[PDB]
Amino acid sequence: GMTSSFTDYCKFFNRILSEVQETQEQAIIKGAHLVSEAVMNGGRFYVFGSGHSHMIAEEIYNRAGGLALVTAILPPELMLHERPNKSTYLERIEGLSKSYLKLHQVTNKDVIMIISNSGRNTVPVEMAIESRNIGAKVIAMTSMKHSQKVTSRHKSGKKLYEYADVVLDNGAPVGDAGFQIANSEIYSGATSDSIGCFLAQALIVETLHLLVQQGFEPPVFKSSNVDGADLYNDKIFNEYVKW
(Lines of atoms letter the chains of each structure in order from A and count residues from 1; the text may use other names and numbers.)
(Lines give C-alpha, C1' and ligand atoms only; values in the text may rest on other atoms or scores of the structure.)
Protein backbone atom coordinates (compact mmCIF):
# COMPACT_ATOMS: atom_id res chain seq x y z
CA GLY A 1 0.00 0.00 0.00
CA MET A 2 0.76 3.66 0.13
CA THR A 3 3.87 5.32 1.57
CA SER A 4 4.36 8.74 3.11
CA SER A 5 6.50 11.67 2.06
CA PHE A 6 6.24 13.45 5.41
CA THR A 7 9.40 12.19 7.11
CA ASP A 8 11.37 12.86 3.96
CA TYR A 9 9.91 16.36 3.51
CA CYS A 10 10.64 17.11 7.18
CA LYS A 11 14.30 16.08 6.66
CA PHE A 12 14.53 18.09 3.45
CA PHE A 13 13.10 21.13 5.22
CA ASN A 14 15.11 20.76 8.40
CA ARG A 15 18.40 20.71 6.50
CA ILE A 16 17.65 23.99 4.81
CA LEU A 17 16.54 25.55 8.09
CA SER A 18 19.66 24.26 9.88
CA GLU A 19 21.99 25.67 7.31
CA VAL A 20 20.13 28.99 7.46
CA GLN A 21 20.30 29.13 11.30
CA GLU A 22 23.99 28.18 11.21
CA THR A 23 25.03 30.77 8.61
CA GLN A 24 22.73 33.80 8.91
CA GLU A 25 23.39 34.78 12.54
CA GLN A 26 25.93 37.52 11.68
CA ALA A 27 23.59 38.90 9.01
CA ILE A 28 20.60 38.91 11.31
CA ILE A 29 22.70 40.83 13.86
CA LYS A 30 23.97 43.40 11.33
CA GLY A 31 20.45 43.85 9.97
CA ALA A 32 19.11 44.41 13.46
CA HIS A 33 21.76 47.07 14.06
CA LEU A 34 20.57 48.85 10.90
CA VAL A 35 16.90 48.75 12.04
CA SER A 36 17.48 49.65 15.69
CA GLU A 37 19.78 52.51 14.71
CA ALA A 38 17.01 53.86 12.43
CA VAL A 39 14.31 53.56 15.08
CA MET A 40 16.46 55.36 17.64
CA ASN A 41 17.08 58.08 15.06
CA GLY A 42 13.36 58.70 14.50
CA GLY A 43 13.22 56.39 11.45
CA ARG A 44 10.90 53.59 10.29
CA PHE A 45 11.32 50.16 8.86
CA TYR A 46 9.81 49.68 5.43
CA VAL A 47 9.28 46.20 4.07
CA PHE A 48 8.46 45.19 0.57
CA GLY A 49 8.18 42.18 -1.69
CA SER A 50 6.70 41.30 -5.04
CA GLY A 51 4.59 38.28 -5.76
CA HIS A 52 4.73 35.73 -3.03
CA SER A 53 7.62 37.58 -1.35
CA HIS A 54 5.12 40.27 -0.25
CA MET A 55 3.98 37.88 2.49
CA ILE A 56 7.25 38.49 4.37
CA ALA A 57 6.28 42.17 4.50
CA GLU A 58 2.86 41.19 5.81
CA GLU A 59 4.46 38.80 8.33
CA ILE A 60 6.02 41.55 10.50
CA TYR A 61 3.26 44.11 9.97
CA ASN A 62 0.38 44.88 12.31
CA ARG A 63 0.42 41.71 14.39
CA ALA A 64 1.01 40.59 17.95
CA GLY A 65 4.73 40.88 18.66
CA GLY A 66 4.82 43.37 15.85
CA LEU A 67 7.01 46.44 15.87
CA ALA A 68 4.64 49.32 15.18
CA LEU A 69 7.48 51.19 13.49
CA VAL A 70 7.26 48.65 10.68
CA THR A 71 5.44 49.81 7.54
CA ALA A 72 4.67 47.22 4.87
CA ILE A 73 4.67 48.58 1.37
CA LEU A 74 1.92 46.39 -0.10
CA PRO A 75 0.91 47.42 -3.67
CA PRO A 76 -1.95 45.02 -4.50
CA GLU A 77 -1.00 45.19 -8.19
CA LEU A 78 2.07 43.19 -7.25
CA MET A 79 0.23 40.64 -5.13
CA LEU A 80 -1.57 37.42 -6.07
CA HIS A 81 -5.28 38.19 -5.69
CA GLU A 82 -6.30 40.74 -8.37
CA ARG A 83 -5.75 38.48 -11.36
CA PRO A 84 -3.55 35.55 -11.90
CA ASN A 85 -0.08 36.46 -13.34
CA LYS A 86 -0.69 40.24 -13.24
CA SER A 87 2.18 40.53 -10.77
CA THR A 88 4.47 38.73 -13.22
CA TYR A 89 3.91 41.43 -15.82
CA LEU A 90 4.18 44.35 -13.40
CA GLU A 91 7.39 43.09 -11.78
CA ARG A 92 9.09 44.01 -15.05
CA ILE A 93 7.96 47.60 -15.20
CA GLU A 94 10.30 50.53 -14.55
CA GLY A 95 9.10 53.42 -12.40
CA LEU A 96 6.82 51.53 -10.06
CA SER A 97 9.26 51.14 -7.14
CA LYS A 98 10.26 54.78 -7.37
CA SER A 99 6.56 55.85 -7.20
CA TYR A 100 6.02 53.65 -4.20
CA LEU A 101 8.95 55.15 -2.27
CA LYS A 102 7.59 58.57 -3.08
CA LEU A 103 4.08 57.67 -1.99
CA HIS A 104 5.41 56.39 1.38
CA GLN A 105 7.83 59.27 1.81
CA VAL A 106 10.76 57.15 2.70
CA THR A 107 13.70 59.30 3.81
CA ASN A 108 17.38 58.87 4.61
CA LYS A 109 16.49 58.24 8.24
CA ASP A 110 14.79 55.02 7.27
CA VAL A 111 15.58 51.40 6.55
CA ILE A 112 13.99 49.20 3.89
CA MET A 113 13.89 45.42 3.47
CA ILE A 114 13.28 44.12 0.05
CA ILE A 115 12.42 40.46 -0.37
CA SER A 116 12.94 38.64 -3.64
CA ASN A 117 13.98 35.01 -4.13
CA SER A 118 15.66 35.56 -7.52
CA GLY A 119 16.30 39.26 -7.03
CA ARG A 120 16.52 39.58 -10.82
CA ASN A 121 13.52 41.76 -11.84
CA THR A 122 13.14 45.45 -12.35
CA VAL A 123 10.83 46.19 -9.49
CA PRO A 124 12.93 44.84 -6.61
CA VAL A 125 16.28 46.00 -8.11
CA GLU A 126 14.87 49.46 -8.78
CA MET A 127 13.56 49.56 -5.21
CA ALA A 128 17.15 49.05 -3.92
CA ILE A 129 18.57 51.67 -6.38
CA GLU A 130 16.05 54.33 -5.54
CA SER A 131 16.35 53.61 -1.84
CA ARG A 132 20.13 54.16 -2.10
CA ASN A 133 19.40 57.37 -3.97
CA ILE A 134 17.29 58.52 -1.06
CA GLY A 135 19.94 57.37 1.37
CA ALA A 136 18.00 54.73 3.24
CA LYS A 137 19.75 51.57 4.29
CA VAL A 138 18.84 48.44 2.38
CA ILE A 139 18.31 44.93 3.70
CA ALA A 140 17.79 42.23 1.05
CA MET A 141 16.18 38.85 1.71
CA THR A 142 16.86 36.48 -1.11
CA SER A 143 17.96 33.13 -2.25
CA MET A 144 21.71 33.54 -2.73
CA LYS A 145 21.80 30.23 -4.60
CA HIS A 146 18.98 31.10 -7.00
CA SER A 147 20.14 34.72 -7.40
CA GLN A 148 23.80 34.00 -7.98
CA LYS A 149 22.72 31.57 -10.73
CA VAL A 150 20.40 33.95 -12.64
CA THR A 151 21.04 36.85 -14.92
CA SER A 152 19.63 40.23 -13.99
CA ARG A 153 16.61 41.45 -15.90
CA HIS A 154 17.18 44.95 -14.62
CA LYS A 155 18.91 47.44 -16.96
CA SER A 156 21.79 47.84 -14.45
CA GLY A 157 22.72 44.25 -15.12
CA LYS A 158 22.85 43.80 -11.37
CA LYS A 159 20.82 41.83 -8.84
CA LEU A 160 19.04 42.85 -5.63
CA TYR A 161 21.70 41.37 -3.37
CA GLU A 162 24.33 43.51 -5.09
CA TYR A 163 22.67 46.72 -3.79
CA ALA A 164 22.08 45.68 -0.13
CA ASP A 165 23.84 46.82 3.03
CA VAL A 166 22.89 43.45 4.53
CA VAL A 167 21.79 40.27 2.83
CA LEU A 168 19.68 37.65 4.42
CA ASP A 169 19.88 34.31 2.61
CA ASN A 170 16.68 32.24 2.82
CA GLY A 171 18.61 29.16 1.69
CA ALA A 172 15.98 28.14 -0.88
CA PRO A 173 17.36 26.02 -3.72
CA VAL A 174 17.39 27.34 -7.28
CA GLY A 175 13.75 27.05 -8.30
CA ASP A 176 12.21 27.34 -4.79
CA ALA A 177 10.63 23.97 -5.31
CA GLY A 178 13.30 21.43 -4.58
CA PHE A 179 11.57 18.43 -3.08
CA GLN A 180 11.22 15.74 -5.69
CA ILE A 181 8.15 13.57 -5.40
CA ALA A 182 9.17 9.93 -5.27
CA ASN A 183 9.12 8.07 -8.56
CA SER A 184 8.49 11.15 -10.64
CA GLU A 185 9.90 14.32 -12.10
CA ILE A 186 7.56 16.42 -10.03
CA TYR A 187 9.07 19.03 -7.72
CA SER A 188 7.35 20.85 -4.86
CA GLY A 189 7.65 21.98 -1.27
CA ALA A 190 8.87 25.55 -1.65
CA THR A 191 10.79 26.81 1.41
CA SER A 192 11.26 30.50 0.66
CA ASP A 193 8.23 31.79 2.60
CA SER A 194 8.34 29.40 5.56
CA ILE A 195 12.03 30.10 6.13
CA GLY A 196 11.63 33.74 5.05
CA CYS A 197 8.97 34.23 7.76
CA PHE A 198 11.25 32.66 10.34
CA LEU A 199 14.07 35.03 9.35
CA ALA A 200 11.86 38.14 9.33
CA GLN A 201 10.72 37.37 12.88
CA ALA A 202 14.31 36.63 13.94
CA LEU A 203 15.33 40.06 12.61
CA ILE A 204 12.58 41.83 14.49
CA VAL A 205 13.26 39.79 17.64
CA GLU A 206 16.95 40.78 17.40
CA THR A 207 16.09 44.43 16.77
CA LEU A 208 13.90 44.56 19.84
CA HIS A 209 16.67 43.01 21.91
CA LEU A 210 19.11 45.63 20.74
CA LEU A 211 16.65 48.40 21.52
CA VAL A 212 15.85 47.05 24.97
CA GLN A 213 19.56 46.73 25.81
CA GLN A 214 19.90 50.40 25.01
CA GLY A 215 17.05 51.43 27.24
CA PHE A 216 14.63 52.14 24.39
CA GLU A 217 11.05 51.04 25.07
CA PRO A 218 9.81 50.02 21.68
CA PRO A 219 6.12 50.01 20.60
CA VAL A 220 5.19 46.37 20.14
CA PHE A 221 1.68 45.06 19.69
CA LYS A 222 0.45 42.97 22.54
CA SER A 223 -1.40 39.73 21.94
CA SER A 224 -5.08 39.78 22.96
CA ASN A 225 -4.46 37.40 25.87
CA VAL A 226 -2.21 39.85 27.69
CA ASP A 227 -3.98 42.12 30.10
CA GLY A 228 -4.81 45.52 28.65
CA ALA A 229 -3.58 44.49 25.23
CA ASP A 230 -6.29 46.42 23.39
CA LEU A 231 -6.05 49.75 25.10
CA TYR A 232 -2.26 49.61 24.71
CA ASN A 233 -2.52 48.49 21.09
CA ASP A 234 -4.91 51.36 20.34
CA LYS A 235 -2.55 53.78 21.97
CA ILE A 236 0.48 52.66 20.01
CA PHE A 237 -1.41 52.21 16.77
CA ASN A 238 -2.43 55.85 17.00
CA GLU A 239 1.00 57.16 17.91
CA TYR A 240 3.05 54.99 15.62
CA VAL A 241 1.44 53.17 12.72
CA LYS A 242 2.07 54.67 9.28
CA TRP A 243 0.58 52.82 6.33
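Position 1 is the first residue in the sequence shown; the rest follow in order.
Peer 1: Going by the mean C-alpha B-factor recorded in the entry, which is higher: 124-132 or 145-153?
Peer 2: Mean C-alpha B-factor is greater for 145-153.
Peer 1: Tell me which of 16-24 and 226-234 has the higher mean C-alpha B-factor in the deposited entry.
Peer 2: Per the PDB record, 226-234.
Peer 1: By the record's CA B-factor, is residue 63 among the lowest, middle or highest third of residues in the chain?
Peer 2: As the PDB entry reports it, the C-alpha B-factor of residue 63 lands in the highest third of its chain.
Peer 1: In terms of the CA temperature factor given in the entry, to which third of its chain does residue 159 belong: lowest, middle or highest?
Peer 2: Answer is middle: the recorded C-alpha B-factor places it there.
Peer 1: Pull the Cα B-factor of residue 175 out of the PDB entry and bin it into the chain's lowest, middle or highest third.
Peer 2: Highest third of the chain for residue 175's C-alpha B-factor.
Peer 1: By the recorded C-alpha temperature factor, relative to the other modelled residues in its chain, which third is residue 95 in?
Peer 2: Within its chain, residue 95 is a lowest-third residue by C-alpha B-factor, going by the deposited values.
Peer 1: How does the C-alpha B factor of residue 109 compare with the rest of the chain: lowest, middle or highest third?
Peer 2: As the PDB entry reports it, the C-alpha B-factor of residue 109 lands in the lowest third of its chain.
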